[PDB]
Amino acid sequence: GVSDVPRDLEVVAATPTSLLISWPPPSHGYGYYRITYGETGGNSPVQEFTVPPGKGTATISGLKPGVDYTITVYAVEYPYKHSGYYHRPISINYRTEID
């Protein structure tokens, strides 16, 4: 049914404004991964976008240089922001580089 969330989220690359995350794609994906991101310790409001699990990767752009960010991935059947979710979320912490 709805694809499980990755066992680990890999930070592949990081520029002062961008973050690149990767995961082994599942064999037969269904439906979406909701990628949520925000500044660790709620200085800013949390942002999101949905991505098919099969893409194996996603780029988080427009970030502030040198700040610690938390990325949470949710397995979802429906992409609208008010849907429920499947399985458990997976979180990662990443500090972006300075200018």
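Heads up: residue numbers just count along the shown sequence, starting at 1.
Per the PDB record, of the two stretches 34-42 and 49-57, 34-42 carries the greater mean B-factor over its C-alpha atoms.
The PDB entry reports B-factors from which the mean C-alpha value can be compared for 25-33 and 60-68; the larger average falls on 60-68. Per the deposited record, the Cα B-factor of residue 83 falls in the lowest third when ranked against the other modelled residues of its chain. For residue 19, the recorded CA B-factor ranks within the highest third of the chain. Only modelled residues enter the ranking. Among the modelled residues of the chain, residue 4 sits in the lowest third by CA temperature factor in this PDB entry.
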